[PDB]
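Before any comments, here is the structure.
Heavy atoms only: backbone and side chains are in, while hydrogens, waters and symmetry mates are out. Residue numbers start from 1 in every chain, and the chains themselves are labelled A, B, ... in the order their sequence lines are given, proteins ahead of strands.
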Amino acid sequence: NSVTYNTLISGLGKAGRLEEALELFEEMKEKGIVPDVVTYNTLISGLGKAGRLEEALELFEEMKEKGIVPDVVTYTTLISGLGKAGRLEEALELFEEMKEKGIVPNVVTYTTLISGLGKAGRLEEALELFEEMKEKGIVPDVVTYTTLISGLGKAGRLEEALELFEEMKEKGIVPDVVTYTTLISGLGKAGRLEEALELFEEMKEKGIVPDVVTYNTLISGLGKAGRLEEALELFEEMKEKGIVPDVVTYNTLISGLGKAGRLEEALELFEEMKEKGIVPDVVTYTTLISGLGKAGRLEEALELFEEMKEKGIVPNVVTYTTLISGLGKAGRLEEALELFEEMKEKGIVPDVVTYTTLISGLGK
DNA sequence: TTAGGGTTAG
């Protein structure tokens, strides 16, 4: 029964049925049968990817207590989850713990830390870790390079991101659609959309086929350069090439339309995505709430905020800030303050944007 | 057989 139950949970986890996997896991522990490390790693990954990091860390504690020894996969998964949640110090603490326990980190472990460091803007530390990895005889692959290229591009260090891309090719590491898309994004964000479009052409000529993420990146870049009509033309064509738009495609176009004040069309796409089975998320609702509030349609923005909660979508700091900005600009400071208090009550931490927005409203 | 990279909102 131990092997059958473990294969089942590991199977369900692989199939993305986390709650069903968790159920059989509890059921196997009720019947006193011991879960294996693959089962624990699968559940820890699922929980981490669902944002349920405290539950992931609880399972990590549970396997240690039950005498199930964490391996490189266990630590790498948790380091990934902690890093994605901006909990860099804890991710690094876990990396120091695995090393003290004689568990050998590999290229995946190091790439995961490089990613978490780069996302927290600690790019120099990511560059130093990349040098450290090489000194230990760990060979970076296409994923490791792409990770750093992304960190560099996000800090607007495009000349260094392209230098690293050239170094990578010089070492015989072949770029894939992800490497090219990363650069297309970086270029597009640094006001170099034309270079990004030339690189997209050079990518295709090298036999690299774009995926939906490549298209979403081009759509984003076009919109930012005041070329929303070309973004919409690319989307209206995207379907013909067989590429299926996803939640991000819709979120990006909704943002572009909403920023241009073309709110009716943004809402048309919101209805179109729902008809096509594409499920709106926190980004979809927050983008529309911002579009509505900025166009003076504050009551609609507040009603959409109610709708979002009713659909089980959890508002974040971005959602609260856009409404605080909306309420503040309309002179509804009492409501903006209550919302600032409600957000704090839900454990949502304000950032500099939240503070400066609220001060601007109260200061008028 | 579980773990790493690219896209979107204030």
Side-chain angles (χ1 to χ4, degrees), chain A residues 6-7 9-11 13-14 21 36-46 48-49 70-81 83-84 105-116 118-119 140-151 153-154 175-186 188-189 210-221 223-224 245-256 258-259 280-291 293-294 301 315-326 350-354 356-358:
Chain A
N6 283 315
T7 305
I9 292 134
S10 302
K14 187 67 182 182
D36 66 13
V37 61
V38 169
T39 293
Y40 274 108
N41 289 348
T42 303
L43 293 177
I44 289 167
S45 184
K49 286 181 184 294
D71 57 26
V72 65
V73 176
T74 324
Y75 286 101
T76 304
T77 303
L78 288 163
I79 288 161
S80 191
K84 282 178 186 175
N106 55 206
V107 70
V108 185
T109 316
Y110 276 91
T111 302
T112 298
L113 284 159
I114 288 167
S115 183
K119 294 236 211 79
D141 58 15
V142 69
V143 184
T144 316
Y145 276 97
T146 301
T147 300
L148 268 185
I149 288 169
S150 187
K154 273 172 182 175
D176 59 16
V177 69
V178 183
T179 316
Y180 281 99
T181 300
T182 293
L183 288 160
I184 288 161
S185 179
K189 285 176 173 173
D211 64 6
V212 66
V213 180
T214 311
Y215 287 107
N216 292 354
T217 301
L218 290 178
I219 286 177
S220 186
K224 188 174 179 160
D246 59 19
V247 71
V248 181
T249 317
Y250 280 98
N251 288 350
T252 304
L253 289 166
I254 286 165
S255 180
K259 272 170 168 187
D281 58 22
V282 70
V283 178
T284 319
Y285 282 100
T286 301
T287 300
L288 291 166
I289 287 161
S290 178
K294 285 194 167 194
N316 60 203
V317 71
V318 190
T319 326
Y320 281 98
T321 306
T322 184
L323 280 172
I324 286 158
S325 177
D351 60 12
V352 174
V353 181
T354 317
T356 59
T357 294
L358 187 64

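Counting any heavy atom pair closer than 4.0 Å across all strands shown, A:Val177 reaches a base atom. Within 4.0 Å of A:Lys84, counting heavy atoms only, lie sugar-phosphate atoms of the nucleic acid but no base atom. Using a 4.0 Å heavy-atom distance criterion, A:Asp176 is classed as a base contact. A:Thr214 comes within 4.0 angstrom of a nucleotide base, judged by non-hydrogen atoms across all strands. Backbone-only engagement by A:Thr182 is indicated by non-hydrogen atom pairs under 4.0 Å involving sugar-phosphate atoms exclusively. At a threshold of 4.0 angstrom between heavy atoms, the contacts of A:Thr181 include nucleobase atoms, whether or not backbone atoms are also involved. Residue contacts shown for A:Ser325 are absent, as no nucleic acid heavy atom lies under 4.0 Å away. Note on A:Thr144: a base of the nucleic acid sits closer than 4.0 angstrom, heavy atoms only.
In this structure, OH in A:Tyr180 is found 9.0 Å from CG in A:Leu183, a value given to the nearest 0.5 Å.
Between chain A and DNA chain B, the heavy-atom contact criterion of under 4.0 Å yields a 5' to 3' nucleotide range of B:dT1 to B:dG10.
Between A:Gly293 and A:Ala301 the shortest heavy-atom distance is N-CB, 3.9 Å. Residues A:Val317 and A:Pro350 approach most closely at CG2-CA, 4.0 Å, considering heavy atoms.
With respect to A:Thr144, the side chain to side chain donor-acceptor pair (under 3.5 Å) criterion is satisfied by exactly one of A:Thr146, A:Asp141, A:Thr147: A:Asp141.
The closest donor-acceptor contact from the side chain of A:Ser255 to the backbone of A:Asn251 lies at 3.5 Å or more, if one exists at all.
No more than 12 heavy atoms of other residues, nucleotides or ligands shown are found within 6.0 angstrom of NZ on A:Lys294.
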